[PDB]
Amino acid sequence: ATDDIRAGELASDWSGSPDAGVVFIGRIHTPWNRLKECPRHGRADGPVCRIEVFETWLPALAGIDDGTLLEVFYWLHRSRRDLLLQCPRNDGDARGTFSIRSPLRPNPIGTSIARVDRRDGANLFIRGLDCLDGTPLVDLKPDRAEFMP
């Protein structure tokens, strides 16, 4: 059971159904096949990853090209969703889930601010991600600092 929690942690017994549905709009390809190999957070000088946007949404890439700084939203598909208190250092220092950027969340939405190296059709070659190879894409937006000074 990946169900066990660390000392100091707290899991919710909540078992309701979802209120809305998320569509996976692409797939993110990265160097990392194991969670323990992933960066905690991406770095802008990091390895090139490839965001493959699915064919339905290709026209929505209009305006994104080489160099565009993006806020990339992805679904952390391996994460449990029930933790309320977490101890990211496994030392009994428990923090509310909303006070940390842990991938374990009620809605496991991850973001990275990441600049497109190169675009080739549906593929965005991009630096600055931190997710497992094959992580689902859920949204792309222009980063605030570049889009709105």
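One rule holds for the numbers: they count along the sequence shown, beginning at 1.
Just going by the entry, 9-17 versus 131-139 on mean CA temperature factor gives the higher value to 9-17. With 105-113 and 27-35 compared on mean CA B-factor from the PDB entry, the stretch scoring higher is 27-35. Listed residues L85, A122, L69, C49 were ranked by CA B-factor as deposited; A122 comes out on top.
Sort the modelled residues of the chain by CA B factor and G42 lands in the middle third. The deposited CA B-factor of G92 belongs to the highest third of values across its chain.
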